[PDB]
Amino acid sequence: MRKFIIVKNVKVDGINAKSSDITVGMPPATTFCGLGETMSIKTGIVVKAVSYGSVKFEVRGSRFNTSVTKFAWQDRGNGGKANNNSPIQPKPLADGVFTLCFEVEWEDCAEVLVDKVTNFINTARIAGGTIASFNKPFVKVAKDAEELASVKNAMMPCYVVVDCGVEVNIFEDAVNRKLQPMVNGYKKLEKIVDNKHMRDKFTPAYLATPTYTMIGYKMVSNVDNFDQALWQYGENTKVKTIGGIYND
Amino acid sequence: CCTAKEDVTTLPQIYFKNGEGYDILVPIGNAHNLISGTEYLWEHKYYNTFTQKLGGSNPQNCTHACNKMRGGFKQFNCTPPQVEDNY
Amino acid sequence: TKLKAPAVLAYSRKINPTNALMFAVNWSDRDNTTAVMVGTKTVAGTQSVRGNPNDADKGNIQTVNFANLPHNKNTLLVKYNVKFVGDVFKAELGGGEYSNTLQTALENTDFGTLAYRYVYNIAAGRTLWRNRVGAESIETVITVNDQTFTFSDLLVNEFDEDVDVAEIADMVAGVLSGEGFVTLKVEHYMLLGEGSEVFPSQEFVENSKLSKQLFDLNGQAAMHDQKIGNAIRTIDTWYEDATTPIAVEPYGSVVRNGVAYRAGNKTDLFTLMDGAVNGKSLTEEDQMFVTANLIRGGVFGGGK
Amino acid sequence: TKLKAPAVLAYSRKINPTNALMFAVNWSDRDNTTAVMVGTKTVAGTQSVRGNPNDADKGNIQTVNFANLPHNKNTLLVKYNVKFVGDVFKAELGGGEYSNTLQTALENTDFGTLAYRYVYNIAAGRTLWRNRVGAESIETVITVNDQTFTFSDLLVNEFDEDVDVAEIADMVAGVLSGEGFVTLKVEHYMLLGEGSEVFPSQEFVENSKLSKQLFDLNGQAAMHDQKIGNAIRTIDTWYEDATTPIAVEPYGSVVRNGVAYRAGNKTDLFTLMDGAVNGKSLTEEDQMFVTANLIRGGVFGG
RNA sequence: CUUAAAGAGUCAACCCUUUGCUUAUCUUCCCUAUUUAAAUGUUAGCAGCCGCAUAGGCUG
């Protein structure tokens, strides 16, 4: 039919809050889709889509400047310099509390699914952040669009992310539409020739640059079509919602 | 002068699902969005932003845009709304 | 010929602490906790800088964050969790040959001692840093695998023998030596006195509004996960002219003081790792140092 | 040649006062404490600056914080604790050699006098600052090691000899000259009169609707721990042409009077420290001053 | 298969003096709150005895 598993109040400490060179804050949908796919690889459960919501969130630092992290020495040929503060790249970190909902292909009993999900989460991070504590995951199911609303409100309370597309461009839309940019995918700039230095020796490699959309945050309740708030991979190496652009 | 220079050290590397396969993506930043968009958000009085100076202390050793825009570049403050304490 | 190192060899960290939240309680009423909130105050002072006396007659106003115990609670309570993770040899970005022959050369490493010193730094409360200064007593409660251990005042700079530290180091070394994970839930209680200053993590920000910013999570005083981490992995008593334990660093770096105790003396992580991989023989404590660097994690760069 | 001081040589403070809370009681019913709350009031005045008489016909409105005893309580009660911490020669940040030879150069410092003058500033009520003016009587209560001590009638500006001050200073010097710590728990009772203005610490806020703002904790009038501390370490009578004791500052700075009684005459902490480490000899009072600067805390490096 | 993998912000601090917020004042007119009803949760518990008593058992 349609099965989901919800994990509420995922306290995460130490998030890599830089999603791109011009976006620092809430981890983007690409991150949670990658998390769902990591779980798919590690457990075998097929993950159709994911929906995430912020319960608490704070970037470290002040209002207009993010915190610095103290870089520790790490590279060879630096012993003649390890007696002084290591030079330093920017790496804003954050701390938060999220609620997750994964749509899954499951035919078995709920206890097995929940235990496999918990045993995966115990080995994961979220956007690099250490997972400190999460509630017991629970399963729900929906046949018609009425039970989908119950699955939706089961995440309460949290602010989930809807995709409202780009009219002009990121900057003009931020100024005029009072919305928030978000990394939604990537654009391939050039193929990388040699995998001498890559995570794989075989997987195709490309230099890329992020592609964005314009998102909005809304209380899972006030969202009508829950599909409009479920993110998954897809066309043209982007990610998007099952229900498309948000306007009910 | 518009010649490419490949270099992947220190850069992030993510897998990304391409048609039920995977490509390794190595993200790099776009100069236009920071030079132009910083100037634009400045013009149009957009304040929901972090200021981030690039190439610290010795910017001129980094990039001409970093070298001549020492005030910093504007980043979209992507903080989400928070569930209030009382519920 | 010589098995050289990859350009980058990367391991994830295996000691994963959370943030430490700071509450205030009374020493004999530990079930009525209240959060310690970060406040702001004005601070006027003098120009007591070593350089120039010509401006010591001028002042400087300043505004800073501060955090204190309430005037009706005498005990600081610090809470966090630590997750230890196995597979300490699976590289995250380094190659296969170098990393695997290194995993082979280090399988005989004393994991009992490393686990003991980690758990001991946790139980003696080294992670409390300046919050130790001037405490009447320190009481540490560690809950692991449905077991609850209590530790009273413990000597921090010596890894003295204790049966409960060892009983927890059993499971910790079991996870580190193999795979899986184990989570300790740590509480600290310090009898400091009513209204005593506590010491949350200090923020590294370019903020013109504050001269000192304390780390806060929705207004409550806290400590960075990475600072608790730097405290835990302070176990290195094996550098030359060893005095006190320092944090596991590839160069024995203590930038805090402007010295590196493993710089240019054949005892840095890279010299010892090249030795271990290229057939050389390792001391038990050189093995411990290299494997503790692997437990630390890192993105070690340079090479081909 | 010269032992240069490490660039990051720093000591942590050893006299740790808390913030002081301000209550109101009656002089003869001290078990009924009520808290003094900071309020806000409008204040209208004249433009009476020395310079311009052209604005002498113009007024000015402000809003300010204010703090009063109620009209049914006549005594101000100021409460705080002070923790003295030993190991006053172990540096916080500095390296070894400079700090170690400085520790050796000062092991003959008069710790009795230092501890006595600290405890005396606490017992004579210097820590009360402007709350001392207009008192029918002041009564200080110091509890330490399950021993209670009461003080009335102590001259603030003279270090007169007192047996209880010396007995407390004994424990304080036992901590300061060795290791460990000790907490004195201090109350001050001042018979000011019902409705008397009291003087908490003042704040600075760049631009606010308030022209004058008082330090509060949950709305209760309070004093900054650093102000109590500054009163505690007012023991320096050893600068040149010394009248009254000043607070121990490396340059003997009194920013409120725009002068520095130890700046520019080879009497500053840095000159004396360099001398002490580099072989030169110090007076007994100079050793006291340098050790008092080490107890104050601060960065002593380039 | 998460812009993956990695990281100690740290020492120290007197915000101080002074103050007139003054004068005057019309809140007025109008008004349908209506139908109907099982508190269920059978309530859900305890008073006395034997007892070395937070072992177990027994009284209408």
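Note on numbering: positions run from 1 along each chain as its sequence is written and may not match the entry's numbering; residues without coordinates are not listed. Labels are handed out in written order, letters beginning with A for the chains and numbers beginning with 1 for the ligands. The assembly from which these chains come is larger than what is shown, and the figures reported cover only the shown chains. Calculation of side-chain values draws on the structure's entire complement of heavy atoms; hydrogens and water are dropped beforehand.

Going by the header, the method for this PDB entry is X-ray crystallography, and the resolution given is 2.995 Å.

Let's shift gears to the packing of aromatic side chains. In this analysis, rings of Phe, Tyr and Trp, with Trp reduced to its six-membered ring, are considered paired at centre separations within 6.5 Å, and the interplanar angle assigns stacked below 30 degrees, edge-to-face beyond 60, and tilted for intermediate values. Tallied over the entire structure, the rule returns 24 aromatic pairs over all chains. Between the aromatic rings of C:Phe270 and C:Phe300, the centroid separation amounts to 6.2 Å while the plane-to-plane angle is 70°, which identifies the pairing as edge-to-face. Remark: C:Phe300 occurs in strand β17 (residues 298-301) and C:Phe270 occurs in helix α5 (residues 269-277); sequence separation between them is 30 residues. Taken together, a centroid distance of 5.8 Å and an interplanar angle of 40° make the contact between D:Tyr11 and D:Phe300 tilted. With D:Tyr11 in strand β1 (residues 10-11) and D:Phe300 in the segment after β19 (298-299), this pair connects stretches of sequence that are 289 residues apart. Each member of the pair, D:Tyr11 together with D:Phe300, is buried. Criterion for a charge above a ring: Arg CZ or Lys NZ at most 6 Å from the ring centre, at most 35 degrees from the ring normal. Stacked on the ring of D:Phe289, the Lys or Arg D:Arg262 has its end atom at 3.6 Å from the ring centre. Secondary structure counts use DSSP, requiring at least four H or I residues in a row for a helix and at least two E residues in a row for a strand, with both numbered from the N terminus. Here's how the labels work: a residue is buried when its accessible area is under 20% of the maximum for its type, exposed when over 50%, partly exposed in between, all with a 1.4 Å probe on protein chains only.

This brings us to the pattern of salt bridges. A pair can form between side chains of opposite charge whenever their charged atoms are brought close. Throughout this description, the term salt bridge denotes a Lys or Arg side-chain nitrogen within 4 Å of a carboxyl oxygen of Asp or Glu. Taken as a whole, this structure holds 26 salt bridges over all chains when the rule is applied. When the shortest N-O distance is used, the salt bridge between B:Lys53 and C:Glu206 registers 3.6 Å. With B:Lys53 in the loop between β3 (49-52) and α2 (64-68) and C:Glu206 in the loop between β10 (181-191) and β11 (216-217), this residue pair bridges two chains. With a shortest N-O distance of 3.0 Å, D:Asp225 and C:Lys41 are connected by a salt bridge. Here D:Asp225 is found in helix α4 (residues 225-232), whereas its partner C:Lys41 is found in strand β5 (residues 39-46) on a different chain. Just as D:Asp225 is buried, C:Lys41 falls in that class too.

When at least one non-hydrogen atom of a residue lies within 4 Å of a molecule or strand, that residue is treated as near it. Around RNA strand E, 94 residues are found, and the nearest of them are A:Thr31, A:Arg125, A:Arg199, A:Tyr233 and D:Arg256. Within 4 Å of the protein, the contacting atoms of RNA strand E are 58% sugar and phosphate, with bases supplying the remainder. Polar contact is the term for a pair of N or O atoms within 3.5 Å; when the atoms are in protein, one must be able to donate a hydrogen and the other to accept it, and sequence-neighboring residues count only if both atoms are side-chain atoms. Here A:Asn16 contributes a side-chain N or O atom positioned 3.0 Å from a phosphate oxygen of RNA strand E. In this structure, a phosphate oxygen belonging to RNA strand E sits 2.6 Å away from a side-chain N or O atom of C:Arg233. Take the surface near RNA strand E: its biggest share by element is six residues, from helix α1 (residues 29-43) of chain A.

Moving on to a nonpolar patch on the surface. Nonpolar side chains collect at one region of the surface, where A:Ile41, B:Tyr15 and B:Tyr22 lie side by side and expose about 280 Å² of accessible area between them. Among the secondary structure elements, B:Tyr15 is positioned in strand β1 (residues 14-18). Only residues whose relative accessible area exceeds 30% and that form no salt bridge are eligible for patches; like-charged ones are grouped when within 9 Å, while nonpolar side chains (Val, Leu, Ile, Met, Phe, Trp, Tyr) are grouped when within 5 Å. With residues, only the protein chains shown are counted as cover, and all accessible areas are computed by Shrake-Rupley using a 1.4 Å probe.

Once that is clear, we can look at a positive patch on the surface. Residues and elements named next belong to chain C. Just so you know, the count uses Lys and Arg for positive and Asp and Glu for negative, and it drops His and the chain ends. A charged residue contributes its charge at one atom only: NZ of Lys, CZ of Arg, CG of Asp or CD of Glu. A cluster of basic side chains, namely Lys2, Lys4, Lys266 and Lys280, defines a positive patch on the protein surface. Locating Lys4 in the fold gives a position in the segment before β1 (8-11). Its relative accessible area of 60% is what places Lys4 among the exposed residues.

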